[PDB]
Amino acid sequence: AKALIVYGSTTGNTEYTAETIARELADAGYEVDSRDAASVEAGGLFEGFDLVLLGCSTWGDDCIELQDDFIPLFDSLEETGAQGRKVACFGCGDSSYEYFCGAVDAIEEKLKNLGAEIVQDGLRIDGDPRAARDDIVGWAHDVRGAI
């Protein structure tokens, strides 16, 4: 099974999340290709992956903004080959803001509308992902099981 994890992370939290997930997946036998959103190109990006996991933290005060590096890919999601793709989303936020992890919701909804198959509800991490390591591993586990 080949997975692609693309993450947008400004202070490295969701990046830490992506790494924890990648390892969980790799320890399970998946081939895992992780990429920083800042570096990727959207066209055909999901092509050949059995599963795509998109990580993005949430910014904004009264307006949901996606982590800066992710925005270009977000805006080009229709160019990735997501139709029919098993995907799951994750991101770091903080529940004291108005839209907790609203970026996870935005990406998921876009995927859903592109016809991707959301295999698991989005992992929304409130606070430092390092304090939620267990939630991350159980989530990585549950997505492998939802495929």
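Note that residue numbering begins at 1 and tracks the sequence as displayed.
In this crystal structure, the stretch out of 74 to 82 and 91 to 99 whose C-alpha atoms carry the higher mean B factor is 74 to 82. Looking at mean Cα B-factors across 114 to 122 and 36 to 44, the upper value is held by 36 to 44. In the deposited coordinates, the residue among 50, 109, 31, 69 with the greatest CA B-factor is 109. In the PDB entry, residue 134 places in the highest third of its chain by CA B-factor. Among the modelled residues of the chain, residue 26 sits in the middle third by CA temperature factor in this PDB entry. Ranked by C-alpha B-factor against the other modelled residues of its chain, residue 64 falls in the middle third.
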